[PDB]
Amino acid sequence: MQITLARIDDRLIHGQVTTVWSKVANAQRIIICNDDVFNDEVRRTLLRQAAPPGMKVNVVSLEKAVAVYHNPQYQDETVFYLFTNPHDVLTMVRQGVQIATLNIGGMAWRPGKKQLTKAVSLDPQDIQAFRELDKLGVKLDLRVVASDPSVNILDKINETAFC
């Protein structure tokens, strides 16, 4: 598999914004990698029905994401990965999934998180995951939309916190 875009966006496929990103990625398959989304039949159905014309959509567990990545049947398939969080990206990267740069587009606020900037809220665990990703050489590209200026999420975090 050739990964043309790997994006953390916990709203997954959501109208025009995702469609625009899908054209930047120019991928044949959008693959949502998440253990829990796979298990929600209604959400999976909304995701499959939201496939942009000419593209396939699959919702899979991290286990299956890694397995299909290593399957030579899909050696040359172009892929747009969607994730809800950085921990899962780390898990797959540690298992041989080559993601050179990770786009961060949307991490929703909930109690326990602290907002970093518009569209991205984090807890210490999230921040640690990004640090581990950076140690592994993964480039961190924060942009909600493709035309936005890219921000290094770690540099942004480090503006107001130590490390």
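Residue indices: 1-based, along the sequence shown.
In this entry, the higher average B-factor at the C-alpha atoms falls on 22-30, of the pair 22-30 and 50-58. The mean Cα B-factor in the deposited entry runs higher for 36-44 than for the other of 36-44 and 65-73. Ranked by Cα temperature factor within the chain, residue 133 sits in the lowest third according to the deposited record. When the CA B factors of the chain's modelled residues are split into thirds, the value for residue 9 lands in the lowest one. Split the chain's modelled residues into thirds by C-alpha temperature factor. Residue 99 is in the highest one. When the CA B factors of the chain's modelled residues are split into thirds, the value for residue 117 lands in the middle one.
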